[PDB]
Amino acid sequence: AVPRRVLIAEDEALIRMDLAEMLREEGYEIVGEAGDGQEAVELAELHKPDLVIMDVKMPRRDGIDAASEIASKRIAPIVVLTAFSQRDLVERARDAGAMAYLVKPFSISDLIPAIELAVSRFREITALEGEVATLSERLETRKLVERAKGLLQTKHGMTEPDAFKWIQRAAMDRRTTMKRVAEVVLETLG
């Protein structure tokens, strides 16, 4: 169901400790703590966690590079911790697969929505991997779904996770595909 087992990767000890504590308080199990980007990739492969939370900057292998590598394996949702002014590094990097950023400094009230966003985007990737037969169709189906999400967000006031969930639940209930639901959202709202 929802993620419980979490790998964290952060070289600053205080952020690491505070993040681990937040997560334990909200019922997560910490299954690893990496302090560099190479260990992060290795542990994600070893332990196959339910969730990865990693800094945008890491020793050895930077967090964005490591995050992109983990994303490409479709192991888990990823939250990338970043200063506000470095958010574009993560924008320029979901080119690689599904992640969300979380601006530091952060509290639990900030972390929980970032996890929800990362989980939603992961579920969208895995749903499209499973539902769409070919890669070329899949790329364009993703773009269509993203447009439909955006319209549901702006026109109906939904969050991004709630917009994707709408599309998924509609497709399931109508016994059709996300592609067809998204196409109709575009027709109606676009």
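Start at 1 with the first residue shown and count on from there.
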| item | value |
| --- | --- |
| 43-51 versus 65-73 - greater average Cα B-factor per the deposited record | 65-73 |
| Higher-scoring stretch by recorded Cα B factor average, 161-169 or 136-144 | 136-144 |
| For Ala1, the third of its chain into which the C-alpha B factor falls | highest |
| Chain thirds of CA B-factor: placement of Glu116 | lowest |
| Relative C-alpha B-factor of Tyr101, binned into the chain's lowest, middle or highest third | middle |
| Position of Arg123 among the chain's modelled residues by C-alpha B-factor, lowest, middle or highest third | lowest |
| Record-listed C-alpha B factor of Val80: chain third | lowest |
